[PDB]
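Secondary and tertiary structure notes
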Amino acid sequence: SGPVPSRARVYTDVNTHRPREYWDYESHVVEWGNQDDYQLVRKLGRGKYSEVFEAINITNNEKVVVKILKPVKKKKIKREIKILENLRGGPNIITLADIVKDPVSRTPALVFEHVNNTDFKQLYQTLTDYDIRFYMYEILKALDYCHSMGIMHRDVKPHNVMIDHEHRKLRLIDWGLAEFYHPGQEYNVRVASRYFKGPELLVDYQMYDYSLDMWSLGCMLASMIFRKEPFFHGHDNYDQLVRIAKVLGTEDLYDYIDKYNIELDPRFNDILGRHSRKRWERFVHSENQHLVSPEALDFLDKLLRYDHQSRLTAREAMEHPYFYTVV
Ligand SMILES: CC(=O)Nc1ccc2c(c1)c(-c1cc(NC3CC3)n3ncc(C#N)c3n1)cn2CCC(=O)O
Ligand SMILES: [Cl-]
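Residues numbered from 1 in each chain as written, not as in the entry; some residues may be left out. Chains lettered and ligands numbered in written order. Heavy atoms only, no water.

This entry, as listed in the PDB, derives from X-ray crystallography and reports a resolution of 2.20 Å.

1. Digging into the UniProt feature "active site" in the protein chain
The following threshold applies: UniProt positions are given in the numbering used here, feature names are shortened, and annotations may be inferred rather than shown by experiment. In this description a helix means any DSSP run of H or I spanning at least four residues, a strand means any run of E spanning at least two, and both kinds are numbered starting from the N terminus. Burial classes follow relative accessibility: with a 1.4 Å probe on protein chains only, a residue under 20% of its type's maximum area counts as buried, one over 50% as exposed, and anything between as partly exposed. Throughout, a contact is declared for two residues whenever any of their heavy atoms are within 4.5 Å.
The feature "active site", as annotated in UniProt, sits at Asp-155 in this numbering. Structurally, the position occupied by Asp-155 is in the loop between β7 (151-152) and β8 (161-164). The exposure class of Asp-155 is buried, given its relative accessible area of 8%. In this view, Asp-155 contacts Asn-160, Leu-177, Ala-192, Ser-193 and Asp-213; residues no more than four positions away in its chain are not counted.

2. Regarding empty space enclosed by the protein
Empty pockets left among the atoms are what a rolling probe the size of a water molecule brings to light. What counts, and what does not: In this analysis the probe radius is 1.4 Å and the grid spacing 1 Å, with only protein atoms considered; a cavity is a set of points the probe fits into but cannot get out of, a pocket is an open set with protein on both sides within 12 Å along at least five of seven lines, and lining residues have an atom within 4 Å of a point. Grid points are joined across faces, edges and corners, and a volume is the space filled by probe spheres set on the points. For this classification, the nonpolar set comprises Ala, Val, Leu, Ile, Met, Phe, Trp, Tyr, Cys and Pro, the charged set comprises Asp, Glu, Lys and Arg, and every other residue, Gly included, is treated as polar.
Counted according to the given criterion, the structure contains 2 cavities of 30 Å³ or more. What lines the largest cavity is a set of 15 residues, and nearest its centre among them are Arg-9, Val-10, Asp-209, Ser-211 and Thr-313. Residue composition of the lining of the largest cavity, grouped by class: 6 nonpolar, 5 polar and 4 charged. The volume enclosed by the second largest cavity comes to roughly 30 Å³.

3. Examining the pattern of salt bridges
How we decide: When a carboxyl oxygen of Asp or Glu lies within 4 Å of a side-chain nitrogen of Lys or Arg, that pair is called a salt bridge.
Scanning all chains against the criterion turns up 19 salt bridges. Where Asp-307 meets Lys-259, a salt bridge forms, and the shortest distance between an N and an O atom there is 2.7 Å. One end of the pair, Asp-307, is in the loop between α10 (294-303) and α11 (314-318); the other, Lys-259, is in helix α8 (residues 251-259), with 48 residues separating them in the sequence. Judged by relative accessible area, which is 17%, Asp-307 ranks as buried. Judged by its relative accessible area of 43%, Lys-259 is partly exposed.

4. Comments concerning the nonpolar core
Rules: Here the nonpolar core consists of buried residues drawn from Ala, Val, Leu, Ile, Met, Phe, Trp, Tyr and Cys, with membership extended through side-chain atoms lying within 4.5 Å. For each domain, the first and last residues come from an automatic or database assignment.
Of all hydrophobic cores here, the largest spans 91 residues; its most connected members are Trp-175, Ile-225, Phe-226, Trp-280 and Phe-299. Looking at this core element by element, the count peaks at 11 residues for helix α4 (residues 129-148). Three or more residues apiece are contributed to this core by two domains, here domain 1 (6-23 + 115-327) and domain 2 (24-114). Filtering out sequence-adjacent residues up to four positions away, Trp-175 remains in contact with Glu-80, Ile-83, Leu-84, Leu-87, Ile-93, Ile-94, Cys-146, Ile-151 and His-153. Among the nonpolar cores identified, the runner-up in size contains 12 residues, and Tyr-181, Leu-201, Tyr-210 and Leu-212 belong to it.

5. Regarding the sheet that holds strand β5 (residues 96-101)
Hydrogen bonds along the backbone pair up the strands of a sheet, which may run parallel or antiparallel. What counts, and what does not: DSSP calls a pair of strands paired once it identifies at least 2 bridges connecting them.
The strand order across the open sheet built from 6 strands is β1-β5-β6-β4-β3-β2, with neighbouring strands paired in mixed fashion. In this open sheet, the two strands that pair with only one neighbour each are β1 (33-34) and β2 (38-45). In this structure, β1 lies alongside β5, joined through 2 bridges in parallel fashion. Considered in β5, the bridge of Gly-33 is made with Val-100.

6. Here's the deal with the site of ligand 1
The condition that has to hold: Residues are labelled near a given molecule or strand when at least one of their non-hydrogen atoms is within 4 Å of it. Residues adjacent in sequence count toward polar contacts only when both atoms are side-chain atoms; beyond that, a polar contact is any pair of N or O atoms within 3.5 Å, and within protein one must be able to donate a hydrogen and the other to accept it. What sets the accessible areas is the Shrake-Rupley method with a 1.4 Å probe; for residues, cover comes only from the shown protein chains.
For ligand 1, the set of nearby residues contains 15 residues, the closest of which are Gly-45, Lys-67, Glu-113, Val-115 and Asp-174. A distance of 2.9 Å separates a nitrogen atom of ligand 1 from a polar backbone atom of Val-115. For ligand 1, a nitrogen atom lies 2.9 Å from a polar atom in the side chain of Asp-174. Protein coverage of the free-state accessible area of ligand 1, which is 660 Å², stands at 78%. Among the secondary structure elements, those contributing two or more residues to the shell around ligand 1 are β2, β4 (63-69) and β6 (108-113). For the shell around ligand 1, a count of residues per class yields 8 nonpolar, 3 polar and 4 charged.

What follows is the structure in structure tokens.
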């Protein structure tokens, strides 16, 4: 009765063999320092639960990014902070440099290392075959590291990957939707951003894992090597799954759904239709041939699969023939 259970193939019991203080973020005590050390310079934007500023560390004058939290659930704040502190110093993980409060207004804020980013709609067109393989390997390091530390990012997308192209420096950012992996846990599927949602999220399969980040990465990789942003462009969560099925086909979807005994919402049977599995070559053309290779396509193919257990892990990925020219 109910969905078939599932476990992560890798780093399954990493939180289980650690003490509660590592993953029990609700018992985390947060110390808020003084924000006077930083001077707001420019509104960058208005992230989901925050406003974000370029700031300046008055003391050393080094550049910084300040995320001023809207009033959010104390619980989520502690999660993000605890996750950031556990992953700090890890490869290509953004550094939580400080946690502070404005003395007068009391609004909490997280302060991060600054990356001199090129917007991904300017950057991605510039990128060569070598570039894409390099930066994908940098992302993979961040995801292997963070999966090994018991954590799923759950919001992998071009917006959360900061690239200083001059310095070939990449940072995986915004850990606000990240969560700790506990095998057996039935999680909230209202995560990631639409275009990067894995089919497990869309069919409401809750016992998901690190392999969610591997789907999202694939979506990014497809958009990059094919020059089509976003790759899967759905008008909502239901239609998102239709956009995937028009590429991966309907037969492997229904076989995935039956295998896990997933109860498909009735909205799907009207819209899903019947679609064959398309070859990845169908997407290759004169303007992107130079970024595609047999290896690129094989790597992509082993990321973008319905069955999350069958996707490459981030370690398996880093060993793929696609990365040989970089490693
Ligand atoms: C800070 C965070 O966790 N999320 C977040 C949310 C919105 C953000 C940013 C980060 C950055 C952002 C920008 C840069 N750099 C660009 C040159 C200014 N850097 N660099 C490091 C981080 C971090 N963390 C960072 N975050 C810009 N925006 C505005 C996006 C929008 O409104 O569309
Ligand atoms: Cl959540």
